[PDB]
């Protein structure tokens, strides 16, 4: 019972019908900047705790990349009831993006189409913000167990992807719990060509290597170097696009097994949806419910491509507790939300968290970890 939630749900219906999508995004981020967003301070179910190696998540719901592309709103977003957040995608130097008429919504289909183009303030400034949060985190008990991941990418005009990725790792590595490599954005020309097994292999090795390089050349203990939640080196995940052929998707898996990737996010937006009349002749990748079923199979695909050896992070059309369980049973260990917060709002995390707890009770599972890969 926290009345501070519904006050915002009143205005939600207004926004979906009148306010431009990005104007709603900036407004939301502004609210959390001033710490006036609702609070979910109830303990989470110990049966819902999940992990990926030494990453321990209090609950299995964070917000996906592109939500807080610059980490100026981490404190409040997390306090809504999310265990972690993925900030970014970030690039070395700031970028403005594309034609500001970028993101559009369709309420009925619960879908979104976006053509942002990695609009961010740059690696240096976003690093300043994350540092401020980590300091606030040490003096706040509502942030003591929460995790922050950083999605990294390349500028549109970069000549080589590896160079940009490394500059980020070397500037913001110490403050990240994990690092997700975004080589799947459909709104930045090219990039997806890096999904080729050869270049993807070199990419993964370079990133994993670059993170390993931060320890050696220090004068202090490993305890003080990592100013993060784990106090350990950041793990390396990779985000993949759904628009691949089955042959490339087994090539991809081969790279992840060969390179010992710590995780595989599944998945980003798609460019194959063409049955939304309000989205006809509009550029960008589609998000929301229409991406649900497509991504789910991609989990089963990659969970069987990779021989169950790489944990999977679920992202795509997740709105309800049963949606999350679908992702879990397919092979995912954790879930990310975005469109759910666009259409369901600030009450999303609490809503979806109560629904998942209740479903695990009826399905007979003792805890969440028991459900990964069970309807295969």
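For clarity, a rigid core is taken as the largest C-alpha set superposing within 1.5 Å between two forms. Residue numbers count along the first chain shown, from 1.
Superposition on the core shows that, in 9 other deposited structures of this protein, the C-alpha atoms drift more in one of 82-90 and 277-285; this is 277-285. Superposition on the core shows that, in 9 other deposited structures of this protein, the C-alpha atoms drift more in one of 12-20 and 348-356; this is 12-20.
In this entry, 353-361 has the higher mean Cα B-factor, the comparison being between 353-361 and 21-29. The PDB entry reports B-factors from which the mean C-alpha value can be compared for 113-121 and 243-251; the larger average falls on 243-251. Annotation for 146, 208, 135, 292: 208 ranks highest, by Cα B-factor. Each of 222, 139, 177, 128 has a CA temperature factor in the record; the biggest one is found at 222.
Among all modelled residues in this chain, the alpha-carbon of residue 75 has a temperature factor (C-alpha) in the lowest third.
Ranked by C-alpha B-factor against the other modelled residues of its chain, residue 329 falls in the highest third.
Remark: residue 235 belongs to the middle third of its chain, ranked by C-alpha B-factor as recorded. The entry lists a Cα temperature factor for residue 156 that places it in the middle third of the chain's modelled residues. Looking at the C-alpha B-factors along this chain, the one for residue 297 belongs to the highest third.
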